[PDB]
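Here you get one chain, nothing else, as structure tokens; it is the form deposited in one PDB entry.
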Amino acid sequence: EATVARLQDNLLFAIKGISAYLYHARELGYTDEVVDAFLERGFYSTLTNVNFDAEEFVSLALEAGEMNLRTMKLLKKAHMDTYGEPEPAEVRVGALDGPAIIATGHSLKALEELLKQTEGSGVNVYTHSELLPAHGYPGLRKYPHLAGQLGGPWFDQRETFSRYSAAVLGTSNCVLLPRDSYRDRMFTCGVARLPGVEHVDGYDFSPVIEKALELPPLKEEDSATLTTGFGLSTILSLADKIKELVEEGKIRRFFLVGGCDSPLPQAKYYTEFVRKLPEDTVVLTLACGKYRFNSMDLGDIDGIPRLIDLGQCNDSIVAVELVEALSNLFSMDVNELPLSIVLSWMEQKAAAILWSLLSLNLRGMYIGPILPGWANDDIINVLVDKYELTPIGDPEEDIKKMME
């Protein structure tokens, strides 16, 4: 039927995300055999004339969410064991004088190697989109020529890359066909590829550095700031203040807003939402959706930041950790916390994280811009009604329903 095809394609999307995280984990030298065996099994379950059962495909998607939790935890372990655990970090958004390299994507091993290969050369390495969290890691902020942030979300890149006479390095996910304005100024490594752009051999970034030096330098602009790298230790070392502040009702609610973004007009929702959120709530944010609002002056709530940047998409594992630290902190069940979840969700890119969240039986979440919601019975009707997954609507009404 149609639903069997839709369900196997969704499982394949989850397997893709898990494989992304697994690839980056292997690049840092961490490998889990059980997740690889699940990749084999799950992908194999989608060959023609093997499995015709929709409910078994839902079971497989939930097992995929579990495996995604496993590999996200493994990748977090890799990142912390190589670069330290991320601590809060304010980051400059604007050009500094000099030659420059803009690195975009997810991988921190490529950024590590580039930063190692750019010492003393006098080129500034800027982060973009999901390389912003790198600024919070001790073993990465230590390089002083990691200048700051430049640009915002991934889908702005053709704009950003256009207006900065800097070398361009797409390390991983969410890369986009270059304008010929900067095509000959762009490079890729790892798995990312663009036709007509040079691909770095291994981690030998001489071609980019050379290019960065053949280019007119950047000129310093008026900048702005961002905050990122809120690692778990920082958050649950603040547990006393959060306890005291939510017991007196001076912090009413935690909202978890974030996820993979897109230039969809409906995604403007996430800018309005946090804008209308009452000033006595705190927002936990991750992945690219953060650029919908992470530049707003939200303020402080008794010295606790109203915006808390947990990092990149694969840092979902810290959020799920925090809630189990929060529940045990309040002696509450997981669904008794003053927590609402508003996802920004792409079907292709972040199916794995949604299925991980459903594996934990989290009820009443709000889903991404458009609803890929598989129209037919078993999926949308039965699965939504069981997990009470909710499509986003109007910001004010959604906030009213979430506060109650």
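So that the term is clear: the rigid core is the largest set of C-alpha atoms that superpose within 1.5 Å between two forms. Counting begins at 1, following the sequence as shown.
Just so you know, the form deposited in another entry exists too; it's not on screen, but the next bit is about it.
Any idea which of 335, 59, 51, 376 has its C-alpha shifted 2 Å or more between the shown form and the other one with the rigid core fixed? That would be 376.
Exceeds or equals 2 Å, Cα of residue 348 between the shown form and the other one, core fit: Passes the 2 Å threshold, so yes.
If the CA atoms of residue 349 and residue 72 move by 3 Å or more in the other form, do they move toward each other or away, so closer or farther than here? Compared with the shown chain, residue 349-residue 72 is closer in the other form.
In the other form, do the Cα atoms of residue 375 and residue 6 sit closer or farther apart than here, given a shift of 3 Å or more? It is closer: in the other form, the C-alpha atoms of residue 375 and residue 6 lie at least 3 Å nearer than they do here.
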